[PDB]
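In: as a preliminary step, the opening chains of the complex are given here in situ:
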Amino acid sequence: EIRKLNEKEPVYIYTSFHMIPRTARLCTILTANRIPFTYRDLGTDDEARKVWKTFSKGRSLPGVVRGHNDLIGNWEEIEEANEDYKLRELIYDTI
């Protein structure tokens, strides 16, 4: 039931090294997995910066955050989850 509740939350690609190419791969991966998303640009989105600064524990951008601050992973973690065929689960079945 975690799933239904999470599926109602917006998923964000946090963006702002290799920033654009990695952001493009996140866009392609989430699209291929039928995961809807929008961008938040930490260049101009102060709430986004706070969330990332508070939870990233050092992770480089870009990344994926569910809802207000359920940080899911940075680009490398998202790519690994996708390679494990478990991306929808990592995003919609967690916490």
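Out: That came through fine. Residues are numbered from 1 along each chain as shown, chains lettered A, B, ... in the order given.

In: what about the strands in chain A?
Out: For chain A, the strands defined by DSSP state E occupy A:11-15, A:38-41, A:63-66, A:70-74.

In: which residues touch residue A:39?
Out: Taking Cβ atoms under 8 Å, 6 or more residues apart in numbering as the criterion, residue A:39 is in contact with A:12-13, A:15, A:23. All C-beta spots, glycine's among them, are computed from the backbone N, C-alpha and C.

In: of these, which is the most crowded?
Out: Counting neighbours by other Cβ atoms under 10 Å, residue A:13 leads those with 24 neighbours.

In: which residue lies nearest the spatial centre of chain A?
Out: residue A:64 (0.9 Å; Cα atoms, centre = their mean).

In: could you also fit chain B onto it:
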Amino acid sequence: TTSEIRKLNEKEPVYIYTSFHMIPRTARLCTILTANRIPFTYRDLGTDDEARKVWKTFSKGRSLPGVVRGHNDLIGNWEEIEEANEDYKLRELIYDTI
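Out: Now chain B, sitting on the chains shown earlier:
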């Protein structure tokens, strides 16, 4: 009144009703609400009877997607929300109305 209405509205859940340009327009609404710091969740009228009924009853012909406050307070469809946001009055539309 007014400040009272605001406080009561701050207790209400805000929803984006979604299911043409459905995906691109819904994306915009999400970005707009997010940029206005308005917390929200999605409702898919495809599988959500209440939301589907609410839209049918109150839209008066407006195309989806849209924004709904509480159970039945239709704030606007995507175009109205985009106009309100352009006018810098989206937050007033949502929190200062009965």
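
In: same as before for the contacts of residue A:39, with chain B this time.
Out: Counting by Cβ atoms under 8 Å, 6 or more residues apart in numbering or on different chains, residue A:39 touches A:12-13, A:15, A:23, B:31.

In: just to revisit the earlier point, and the residue nearest to the centre of chain A, what are its bridge partners?
Out: residue A:13, residue A:73 (DSSP bridges).

In: quick one, what contacts it?
Out: Taking Cβ under 8 Å, 6+ apart as the test, what residue A:64 contacts is A:11-14, A:26, A:30, A:37, A:71-74, A:78, A:91.

In: would you mark the buried spots in stretch A:79-89?
Out: By neighbour count with 16 or more other Cβ atoms under 10 Å in any protein chain shown, stretch A:79-89 contains the buried residues A:79, A:81-82, A:87-88.

In: and chain A, which residues reach chain B?
Out: A:7-10, A:12, A:36, A:38-40, A:45, A:47, A:68 (Cβ under 8 Å from any Cβ of the partner chain).
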